[PDB]
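See structure below.
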Amino acid sequence: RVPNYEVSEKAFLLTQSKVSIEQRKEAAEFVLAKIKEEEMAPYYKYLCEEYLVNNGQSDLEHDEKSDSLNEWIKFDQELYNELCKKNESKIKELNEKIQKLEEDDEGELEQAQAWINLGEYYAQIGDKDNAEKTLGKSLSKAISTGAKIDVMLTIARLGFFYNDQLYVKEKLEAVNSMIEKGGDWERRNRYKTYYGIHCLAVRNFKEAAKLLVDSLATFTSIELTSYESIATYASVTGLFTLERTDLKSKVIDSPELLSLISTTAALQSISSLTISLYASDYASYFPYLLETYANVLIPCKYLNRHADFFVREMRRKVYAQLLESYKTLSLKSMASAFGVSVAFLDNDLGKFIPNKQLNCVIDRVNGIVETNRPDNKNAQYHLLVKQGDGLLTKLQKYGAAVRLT
Amino acid sequence: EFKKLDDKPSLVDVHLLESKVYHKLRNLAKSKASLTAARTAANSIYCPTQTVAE
Amino acid sequence: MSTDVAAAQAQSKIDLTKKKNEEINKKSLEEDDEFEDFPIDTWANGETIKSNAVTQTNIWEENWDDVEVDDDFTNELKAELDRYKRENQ
Amino acid sequence: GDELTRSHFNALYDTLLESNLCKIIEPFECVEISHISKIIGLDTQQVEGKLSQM
């Protein structure tokens with residue numbers, strides 16, 4: 001239930017070893033306290049599967065690599081024994097209670113609910129397969145449509161928990177079908193938050209933005225990682241998707257972002273950057289870019305896929321806006337504005353220009369930067385023909401296929 | 001709690017404090033919402049000159 | 001096994017008894033199936049298919065990465081190095 | 001000493017700058033920034049920065 005999302009997040013710091021030394025140390029001790037207390041031992045074993053000769057490994061119940069910069073994930077054989085003890089004892093006692101309820105009459109309410117309680121215990125300890133089956137029993141029995149949504153969501157949480165995106169994908173499709181049929185708004189809010197984070201883990205942040213602005217206005221905290229991280233997610237997507245004006249009105253249409261103030265390192269680093277883009281600060285911007293890499297992207301489960309992707313894209317935006325507003329610049333001055341040297345600056349630019357998402361050229365003899373982006377009738381013409389070509393292609397194959405048959 | 005114990009003209013003050021706290025946190029959405037509440041509560045006639053000034 | 005998005009070409013033609021054998025005939029003409037011969041030929045499971053995250057298995061939308069360089073290392077050096085030139089001027 | 005006068009003196013400063021800047025450069029095209037910085041009563045770099053945002 002609620003404890004799962006904290007454990008995974010701390011666990012992702014052990015998965016990485018490109019993170020800070022003191023940070024990874026801290027995270028191991030927390031996870032160990034809750035392995036004892038809440039039974040997080042099956043998922044501790046799941047971490048070594050995610051390695052086998054990879055950094056962040058040190059396990060002694062499995063494969064070891066103390067060459068790894070992590071050496072605080074080490075198992076104990078006290079741990080191996082504590083696992084087996086609790087695992088068996090708890091399943092056996094909790095099940096016996098359920099067996100009694102099945103003997104007694106009323107299955108509409110009493111028995112389906114009793115089966116939910118099994119799936120929450122397996123959800124907790126990180127067994128995905130065993131949770132699915134028993135909550136598979138709750139859904140089989142006719143109940144409220146709101147409950148069915150609640151249960152699918154408990155299952156969907158477990159895909160991020162192992163950080164397997166395929167498992168989420170599948171499950172959130174069933175939620176979309178049943179969200180309208182229930183027509184409950186309680187869990188409509190949750191669904192957007194879940195599905196927001198799935199969009200975050202894949203490359204479409206545009207959708208992510210549209211779901212996560214709703215999640216600011218109303219947040220549903222159970223089974224969903226805490227509200228300071230949700231701010232950090234809205235801000236990530238905000239920087240990528242929008243441009244100055246839109247960005248400014250978004251974070252003033254969210255009062256809550258400003259009133260929450262930076263209260264965690266990841267939130268601080270993203271928020272510093274948000275301001276500087278829209279206020280058109282370039283001076284301190286270039287350092288903040290480095291901070292976001294360190295304290296948001298690599299520590300996060302879902303943005304660790306986007307560590308190289310984000311930094312690459314974000315630099316295009318900051319340059320784009322300045323160049324659109326100018327016919328010409330001088331290179332030395334443009335370098336100074338950001339805080340780089342002249343030669344250094346070209347290199348970044350020179351990857352963006354032939355992809356032709358920056359529409360410019362650089363004289364190296366005048367030292368001027370020319371901007372020759374059409375924004376007239378010529379641009380609309382240039383876009384349109386690509387779509388109209390697309391229409392030609394769609395018809396060329398479909399035409400042939402029907403005529404032959 | 002003082003809505004179970006509501007007889008109080010002293011929550012009028014509590015609303016005005018609430019507005020100031022939100023304003024300096026720089027949300028005006030709920031600074032306006034509490035301020036609106038405080039205006040309504042002082043429409044009923046018991047309020048000091050000080051209270052109306054605030 | 002289809003080229004690019006599979007469902008776009010699955011709808012274009014489905015199973016028909018007329019063409020089924022004809023599908024084999026074209027494949028046989030080129031000589032091999034050409035997806036099972038390359039592993040025998042190389043004499044070990046590749047590491048150049050694990051050259052990027054997407055190349056082995058793509059369950060993502062294409063980044064446009066194929067060079068995959070951490071850009072935080074070089075930028076960190078760019079900021080500081082420029083700063084020193086100015087300070088020692 | 002007062003947050004309100006600083007706030008709305010910063011806003012007033014920006015909107016005042018904006019009205020003036022447009023009014024100068026209206027009967028113009030390819031006007032040197034040196035001229036503008038004189039008439040508005042500010043600096044050449046300061047003028048450039050405001051233009052960028054607008």
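If you're wondering about the labels, chains in the structure tokens are A, B, ... by order shown, residues count from 1 in each chain, ligands from 1 in order shown.
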Q | Residues within 8 Å of residue 30 (chain B), only C-alpha atoms, excluding chain neighbours under 4 positions, as a PyMOL selection string | A | chain B and resi 19+22+34
Q: Specify as number ranges by chain all residues of chain A found within 8 Å of chain B, counting only C-alpha atoms.
A: A: 255-256, 258-259
Q: Report as number ranges by chain the set of chain C residues whose atoms approach chain A to within 12 Å, with distances computed over only C-alpha atoms.
A: C: 8-9, 11-14, 16, 18-19, 53-54, 58-86
Q: Mind checking which residues fall within 12 Å of residue 35 (chain D), counting only C-alpha atoms, ignoring those fewer than 3 positions away in the same chain, and posting them as a list in words?
A: residues 21, 24, 25, 28, 30, 31, 32, 38, 39, 40, 41, 42, 43, 44 and 47 of chain D
Next, the residues of the selection above should be written as an mmCIF file, in the first residue's frame with N, CA, C and O atoms.
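Okay, result-v7.cif is ready:
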```cif
data_model
loop_
_atom_site.group_PDB
_atom_site.id
_atom_site.type_symbol
_atom_site.label_atom_id
_atom_site.label_comp_id
_atom_site.auth_asym_id
_atom_site.auth_seq_id
_atom_site.Cartn_x
_atom_site.Cartn_y
_atom_site.Cartn_z
ATOM 1 N N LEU D 21 9.116 52.538 -24.737
ATOM 2 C CA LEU D 21 10.006 51.911 -25.702
ATOM 3 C C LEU D 21 9.304 51.774 -27.049
ATOM 4 O O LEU D 21 9.863 52.118 -28.096
ATOM 5 N N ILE D 24 8.837 55.254 -28.743
ATOM 6 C CA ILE D 24 10.051 55.725 -29.422
ATOM 7 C C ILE D 24 10.195 55.107 -30.802
ATOM 8 O O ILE D 24 10.424 55.810 -31.792
ATOM 9 N N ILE D 25 10.125 53.775 -30.873
ATOM 10 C CA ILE D 25 10.601 53.018 -32.029
ATOM 11 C C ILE D 25 9.511 52.820 -33.055
ATOM 12 O O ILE D 25 9.680 52.066 -34.023
ATOM 13 N N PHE D 28 9.994 53.986 -36.850
ATOM 14 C CA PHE D 28 11.350 53.476 -37.042
ATOM 15 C C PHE D 28 11.337 52.055 -37.580
ATOM 16 O O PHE D 28 10.303 51.387 -37.637
ATOM 17 N N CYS D 30 15.085 49.480 -37.886
ATOM 18 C CA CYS D 30 16.541 49.437 -38.016
ATOM 19 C C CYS D 30 17.125 50.675 -37.363
ATOM 20 O O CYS D 30 18.009 51.354 -37.901
ATOM 21 N N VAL D 31 16.553 50.981 -36.221
ATOM 22 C CA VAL D 31 16.960 52.075 -35.366
ATOM 23 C C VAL D 31 18.064 51.605 -34.430
ATOM 24 O O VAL D 31 17.986 50.523 -33.833
ATOM 25 N N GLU D 32 19.144 52.383 -34.390
ATOM 26 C CA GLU D 32 20.274 52.068 -33.531
ATOM 27 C C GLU D 32 19.875 52.135 -32.080
ATOM 28 O O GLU D 32 19.075 52.978 -31.664
ATOM 29 N N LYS D 38 19.329 56.647 -25.191
ATOM 30 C CA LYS D 38 19.300 58.060 -24.828
ATOM 31 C C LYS D 38 17.891 58.514 -24.467
ATOM 32 O O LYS D 38 17.661 59.035 -23.368
ATOM 33 N N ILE D 39 16.930 58.316 -25.380
ATOM 34 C CA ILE D 39 15.626 58.954 -25.210
ATOM 35 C C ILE D 39 14.876 58.329 -24.041
ATOM 36 O O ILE D 39 14.260 59.037 -23.229
ATOM 37 N N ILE D 40 14.935 57.000 -23.918
ATOM 38 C CA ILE D 40 14.237 56.360 -22.812
ATOM 39 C C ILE D 40 14.862 56.750 -21.479
ATOM 40 O O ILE D 40 14.152 56.901 -20.476
ATOM 41 N N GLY D 41 16.185 56.944 -21.456
ATOM 42 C CA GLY D 41 16.930 57.400 -20.301
ATOM 43 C C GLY D 41 17.542 56.261 -19.528
ATOM 44 O O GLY D 41 17.597 56.280 -18.295
ATOM 45 N N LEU D 42 18.013 55.257 -20.258
ATOM 46 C CA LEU D 42 18.603 54.077 -19.668
ATOM 47 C C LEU D 42 19.781 53.675 -20.522
ATOM 48 O O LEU D 42 20.153 54.365 -21.476
ATOM 49 N N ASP D 43 20.366 52.540 -20.177
ATOM 50 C CA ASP D 43 21.592 52.131 -20.828
ATOM 51 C C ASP D 43 21.343 51.236 -22.018
ATOM 52 O O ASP D 43 20.256 50.693 -22.222
ATOM 53 N N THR D 44 22.409 51.105 -22.802
ATOM 54 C CA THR D 44 22.389 50.417 -24.075
ATOM 55 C C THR D 44 22.139 48.916 -23.831
ATOM 56 O O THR D 44 21.309 48.298 -24.499
ATOM 57 N N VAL D 47 18.467 48.416 -22.357
ATOM 58 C CA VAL D 47 17.556 48.469 -23.498
ATOM 59 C C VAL D 47 17.510 47.153 -24.252
ATOM 60 O O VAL D 47 16.445 46.715 -24.702
#
```
Q) Quick one: DSSP helix (DSSP H, G or I) residues in chain C, as a PyMOL selection string? A) chain C and resi 7-10+17-30+37-42+53-56+72-87
Q) Counting only C-alpha atoms, what is within 10 Å of region 42-49 of chain B, bar same-chain residues fewer than 6 positions away, as a PyMOL selection string? A) chain B and resi 9-10+12-13
